Amino acid sequence: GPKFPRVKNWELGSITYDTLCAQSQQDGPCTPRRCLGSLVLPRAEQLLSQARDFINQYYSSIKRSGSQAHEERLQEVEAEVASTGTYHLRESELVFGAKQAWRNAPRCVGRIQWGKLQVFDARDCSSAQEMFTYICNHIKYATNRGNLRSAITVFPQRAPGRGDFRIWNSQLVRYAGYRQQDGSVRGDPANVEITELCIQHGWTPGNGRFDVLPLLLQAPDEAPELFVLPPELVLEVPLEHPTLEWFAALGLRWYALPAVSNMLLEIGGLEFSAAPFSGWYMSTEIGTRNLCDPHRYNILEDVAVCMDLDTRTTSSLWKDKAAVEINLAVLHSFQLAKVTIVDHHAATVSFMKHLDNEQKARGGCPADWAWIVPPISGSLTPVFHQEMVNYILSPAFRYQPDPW
Amino acid sequence: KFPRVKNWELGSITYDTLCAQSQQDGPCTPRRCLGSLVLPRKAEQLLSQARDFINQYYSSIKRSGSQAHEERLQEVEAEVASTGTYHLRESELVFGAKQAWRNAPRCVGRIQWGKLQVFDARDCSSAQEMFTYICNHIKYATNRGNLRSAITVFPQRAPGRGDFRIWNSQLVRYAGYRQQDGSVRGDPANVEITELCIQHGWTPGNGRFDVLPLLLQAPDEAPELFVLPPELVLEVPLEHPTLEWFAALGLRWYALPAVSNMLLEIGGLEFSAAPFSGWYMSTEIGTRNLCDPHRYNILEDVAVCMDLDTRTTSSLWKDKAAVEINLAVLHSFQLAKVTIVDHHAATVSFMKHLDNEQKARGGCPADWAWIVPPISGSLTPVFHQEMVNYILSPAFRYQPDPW
Ligand code: HEM
Ligand code: HEM
Ligand SMILES: Cc1cc(N)nc(C[C@H]2CNC[C@H]2NCCNCCc2cccc(F)c2)c1
Ligand SMILES: Cc1cc(N)nc(C[C@H]2CNC[C@H]2NCCNCCc2cccc(F)c2)c1
Ligand SMILES: C[C@H](O)[C@H](O)[C@H]1CNc2nc(N)[nH]c(=O)c2N1
Ligand SMILES: C[C@H](O)[C@H](O)[C@H]1CNc2nc(N)[nH]c(=O)c2N1
Ligand SMILES: [Zn+2]
């Protein structure tokens, strides 16, 4: 057959070949000898070639590949580098790049939305105060009283010998995690570090399971400054079950806006160290990972006890039954509160749609199976039965070392 | 050049060192992970594969670098130099087979690997004899409902001639009847093999739960049809702890998962018919065989029994019914006293298996996507454990359909 990965969906029996992977300029961590695909992280002319490829992508997307504008923009980019070491994106270039990084993201299952992203340019930003302002506008725009809109706020790009713009928080909205003297954690155990950093940098802390963290915002060559979100800005949903009436008495709650804030956006060799982006939740993020992970909120035993289940034996499927209801509770509460959310069935169906669109448009779609398939009910969703090719395309969102 | 491996639940790190002893590439390259594909795209050598396996075996029994070890290295050097192959001793076959399972990275049950009954069926010259061997293996492995892992190893591949082969994918599988209306009555994954059986003589039933015959092929001969005696194949009718109606459905499932189209490789020899069984992990029946949409696809039917709202994905009727079905599978096995392991218990012992291997070998190579169950993934400790995947020999491989 065709000298490209053959790709099969074992439910429908259909076949495709991924020709897009040929475009990858970056190596992942696998090799003929061993697959390392379940690892969460693995550890000048270089700028030009990256730059040039981005520009060629730009011009192709607007169907001007070959044109004088295209070659003149190339000429322009190299002259800028040859004289200053770096170069700068035109506005609509940044907009296309940022959308393209979302589109290229292999662990993201909501990419059917990729073309509909609001891009706030914040490349003029000059202070931690200003960063705060921009961040609050972002939150306001995106949250939109529960009718959620996709957005990304691009702060200034890394410069040579000039420290980065950095949000220290991992998300814009996150709950505190307080280390006790029992050794237990009150709140979100995920956040014990950032909580402790917030206090040492001067936050007066609370003592709840759901205290929203302040932002630690860092502007070039400064210590970070601390900022508290006004509570009218951070929309939250109290959780309740449509039938089990005792569920609301548990006092569980989650915030509406998932907003990753420590990821590095890379476009044509330029690195934007600060560029928080936000969409809406898939229900299993809250209901299965945040609420049921052993190493997070871990409410499974609680709920199962309330549910009168036999928690002394694995074969009662008591964990399974409680996760289903915690999940139905996440869905029902957001729906009631009229905040956007997507269940794992709908979400995955729509990534299938996204797969055969990308098949027609680019002949491939980088996808990480282990992340695409949901944490409950995996084989009940259609992505489980779809084979996937995972490779790195630029523009990309990368992970980056923590600032401290 | 050594992979760091982390558990995200507990924070612990390990380096895999086993994976250097890999001698056979998989499908990933640095440019792209293919980790999620089900199948691969498709003298002097055989000698050194044999050397290495014999080196393996004399360490297993702490006898490395000794007289019996050299005179076995010479026996092989001699046999290959003369005939271009060699043969294994029963005890070596036996260590080979257990290791084939030890090495199987899609396998969740490998805590058990040291405990395998091994039938040497290498003196087999006819399909007829295979039928008998296959039956003893069934009687043994089933043991009244007290399942015991077993393998039967038929005669190796030989340069001149046809393979000994079992046409079936499992020793026990239900059949697939295509209907006027393109609807497949009975079991969909086996529509083709049902048709092969008909093509070669079989009168068929028309139930959903009819047990297929066996098609056994001896070298260079057409396959012969053999019918499993109904008292041999142990079945479990499905019912539910609380839901009285669930029985009504005629739901049933057979006790013995026995693979039989895979090929066992050792010290470079190839065993084209080496069928093996253990026991089921409940989600193979409850989630996959019954809720796959391309399998019996019972979900809707059930969710309607349960009287859930099916107009909409966000009621999670899919999830709700999937759990009742898995719970019926477990109950009904436990009521009729047949080994069954749930997915929570199974993955817990896998974690324990990983720690054992880490102490013994420097690693366990495994395939995260197969090892994580098809419901409640992150509810199991395996969801949260990084894993490295690679090929070690001895091994079970896929091999082509004979027709
Ligand atoms: C519109 C609704 C959206 C949904 C439902 C969605 C869904 C998801 C989900 C479920 C994950 C995996 C989450 C995890 O378990 O850690 C994810 C990962 C990711 N999502 Fe999306 N997303 C949406 C919008 C966006 C937007 C606007 C972006 C960026 C512009 C985005 C970018 C990403 C990226 C970059 C990852 C990888 C995260 C990582 O590697 O840790 N999503 N998304
Ligand atoms: C003793 C109880 C055992 C249990 C509970 C068990 C469980 C499993 C499960 C759940 C899978 C994934 C199956 C699938 O989704 O297709 C699997 C795969 C596998 N098992 Fe085990 N197994 C057991 C014993 C054995 C034995 C005795 C052998 C051989 C002696 C074995 C060899 C394999 C192999 C080679 C695979 C991968 C084959 C493939 O690609 O389908 N297992 N097992
Ligand atoms: C933009 C957007 C939309 C959406 N629905 N969901 C998302 C992922 C967010 C929300 N809920 C989880 C978080 N995803 C980011 C978490 N990063 C995963 C990798 C990781 C994990 C832990 C430690 C690490 F070092 C690295 C983003
Ligand atoms: C020994 C043992 C015990 C156990 N519990 N489970 C097993 C796997 C068997 C049983 N339950 C599923 C089946 N798995 C073997 C076949 N592989 C499944 C998918 C596949 C793979 C390759 C080609 C295909 F066309 C399809 C073995
Ligand atoms: C070890 C394993 O890779 C890790 O638990 C991954 C698996 N898949 C995931 N998938 C998603 N969407 N999010 C995750 O955090 C993880 N965790
Ligand atoms: C396409 C995907 O790799 C395929 O559906 C795999 C995923 N994981 C699996 N895991 C197990 N145990 N069994 C399977 O058949 C599969 N199928
Ligand atoms: Zn890989």
Side-chain angles (χ1 to χ4, degrees), chain A residues 7-11 40-41 102 105 107-110 113 117 142 148 150-152 170-174 190 254-255 257-263 276-286 289-290 293 295-296 340-342 347 369-371 373 378-379 382-388 397 399-402, chain B residues 6 8 34-40 101 104 106-110 112 116 141 147 149-151 169-170 172-173 189 256-262 275-285 287-289 292 339-341 343 346 367-374 377 396 398 401:
Chain A
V7 174
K8 173 169 180 166
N9 165 307
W10 290 83
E11 183 196 322
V40 169
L41 334 168
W102 178 16
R107 304 190 161 150
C108 186
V109 61
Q113 297 299 148
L117 177 59
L148 279 18
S150 304
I152 189 175
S170 70
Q171 285 177 52
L172 294 186
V173 184
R174 286 219 97 172
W254 212 257
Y255 55 86
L257 184 81
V260 170
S261 70
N262 61 169
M263 285 192 81
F277 50 91
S278 66
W280 53 81
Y281 276 111
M282 195 185 56
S283 66
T284 60
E285 299 186 81
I286 303 165
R289 306 298 312 288
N290 304 337
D293 271 349
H295 55 288
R296 302 287 293 284
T340 319
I341 196 152
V342 66
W369 196 90
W371 283 67
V373 170
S379 89
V383 290
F384 182 94
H385 314 281
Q386 179 57 62
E387 294 174 342
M388 292 182 206
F397 294 111
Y399 299 105
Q400 74 195 304
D402 285 326
Chain B
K6 178 156 164 172
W8 294 86
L34 255 1
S36 69
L37 301 182
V38 180
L39 312 163
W101 179 26
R106 301 179 152 171
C107 187
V108 80
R110 291 179 265 173
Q112 282 304 137
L116 179 67
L147 270 66
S149 315
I151 187 162
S169 81
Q170 295 187 40
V172 198
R173 276 305 246 185
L256 182 69
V259 181
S260 43
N261 56 187
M262 277 190 69
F276 54 92
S277 58
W279 49 82
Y280 272 117
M281 173 173 92
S282 53
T283 54
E284 303 178 69
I285 306 162
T287 316
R288 314 298 312 278
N289 301 340
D292 281 357
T339 323
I340 188 80
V341 70
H343 49 294
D367 192 306
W368 183 97
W370 276 67
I371 292 293
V372 170
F396 297 100
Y398 288 108
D401 285 334

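Lettering of chains follows the sequences in order, A, B, ..., and the numbering in each one begins at 1. Scope of the values below: all heavy atoms of this structure, side chains included, with no hydrogens, waters or symmetry mates. Start at 1 and go down the list; that is how both ligands and their atoms are numbered.
- Residues B:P257 and B:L147 form a side-chain contact, since some pair of their non-hydrogen atoms from C-beta on lies under 4.5 Å apart.
- The main-chain N or O of A:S261 is never found under 3.5 Å from a side-chain atom of A:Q171 such that the two would form a donor-acceptor pair.
- Within ligand 4, counting atoms from 1 as listed, the ones closer than 4.0 Å to a heavy atom of B:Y280 are 5 (N).
- In this structure, A:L257 CG and A:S278 OG are separated by 4.5 Å, a value rounded to the nearest 0.5 Å.
- Remark: atom 10 (C) of ligand 3 lies closer than 4.0 Å to at least one protein heavy atom.
- Residue A:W371 places a heavy atom less than 4.0 Å from ligand 3.
- The protein atom (non-hydrogen) at minimum distance from atom 8 (N) of ligand 6 is B:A369 O, 2.9 Å.
- A:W369 and A:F384 have their aromatic ring centers within a separation under 6.0 angstrom.
- Closest to atom 15 (O) of ligand 6, if we only count protein heavy atoms, is B:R288 NH1, 3.2 Å.
- Side-chain atoms of A:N290 come within 3.5 Å of backbone N or O of A:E285 as a donor-acceptor pair.
- In this structure, the side chain of A:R296 does not engage the main chain of A:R289 through any donor-acceptor pair within 3.5 Å.
- At the top of the distance list for atom 20 (C) of ligand 3, counting protein heavy atoms only, stands A:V40 CG1, 4.2 Å.
- Regarding atom 16 (C) of ligand 6, its nearest protein heavy-atom neighbour is B:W370 CE2, 3.5 Å.
- Interatomic distance, CE of A:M263 versus CD of A:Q400, reported as 8.5 Å (0.5 Å rounding).
- With hydrogens left out, the protein atom closest to atom 3 (O) of ligand 6 is B:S36 O, 2.9 Å, a heavy atom.
- Against a heavy-atom cut-off of under 4.0 Å, B:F276 is close to the following atoms of ligand 4: 1 (C).
- At the top of the distance list for atom 12 (C) of ligand 4, counting protein heavy atoms only, stands B:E284 OE1, 3.8 Å.
- No side-chain donor-acceptor contact under 3.5 Å links B:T339 to the backbone of B:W279.
- Protein heavy atom in closest approach to atom 4 (C) of ligand 6: A:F384 O, 3.7 Å.
- At a distance under 4.0 Å, a protein heavy atom can be found next to atom 1 (C) of ligand 3.
- Only the backbone of A:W280 comes within contact range of ligand 3, with a heavy atom under 4.0 Å; no side-chain atom does.
- Proximity to A:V260 (heavy-atom distance under 4.0 Å) selects the following atoms of ligand 3: 27 (C).
- Considering only non-hydrogen atoms, atom 3 (C) of ligand 3 lies nearest to A:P258 out of A:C108, A:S170, A:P258.
- Within 4.0 Å of atom 14 (N) of ligand 3, not a single protein heavy atom is present.
- Of all atoms in ligand 4, listed by their number and element, those nearer than 4.0 Å to a heavy atom of B:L39 are 22 (C), 23 (C).
- Residue contact check: B:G278 has heavy atoms under 4.0 Å from atoms 1 (C) of ligand 4.
- Of the protein's non-hydrogen atoms, B:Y398 OH, 4.4 Å is the one closest to atom 16 (C) of ligand 4.
- For A:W10 and A:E387, the side-chain atoms include at least one donor-acceptor pair closer than 3.5 Å.
- Remark: the backbone N or O of A:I341 is not paired with any side-chain donor or acceptor of A:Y281 at under 3.5 angstrom.
- The backbone N or O of A:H295 sits nowhere less than 3.5 Å from a side-chain atom of A:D293 that would complete a donor-acceptor pair.
- The backbone N or O of A:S379 sits less than 3.5 Å from a side-chain atom of A:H385, completing a donor-acceptor pair.
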Checklist entry - Can you check side-chain contact (heavy atoms from CB on, under 4.5 Å) on A:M388 and A:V7, steps first, answer last? => result CA-CA 7 Å; A:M388 292 182 206; A:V7 174; over 6 Å; no
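- Among all non-hydrogen protein atoms, the one lying nearest atom 25 (F) of ligand 3 is A:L41 CD2, 4.1 Å.
- In this structure, atom 22 (C) of ligand 3 has no protein heavy-atom contact shorter than 4.0 Å.
- For atom 24 (C) of ligand 4, the closest non-hydrogen atom of the protein is A:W10 CZ3, 4.0 Å.
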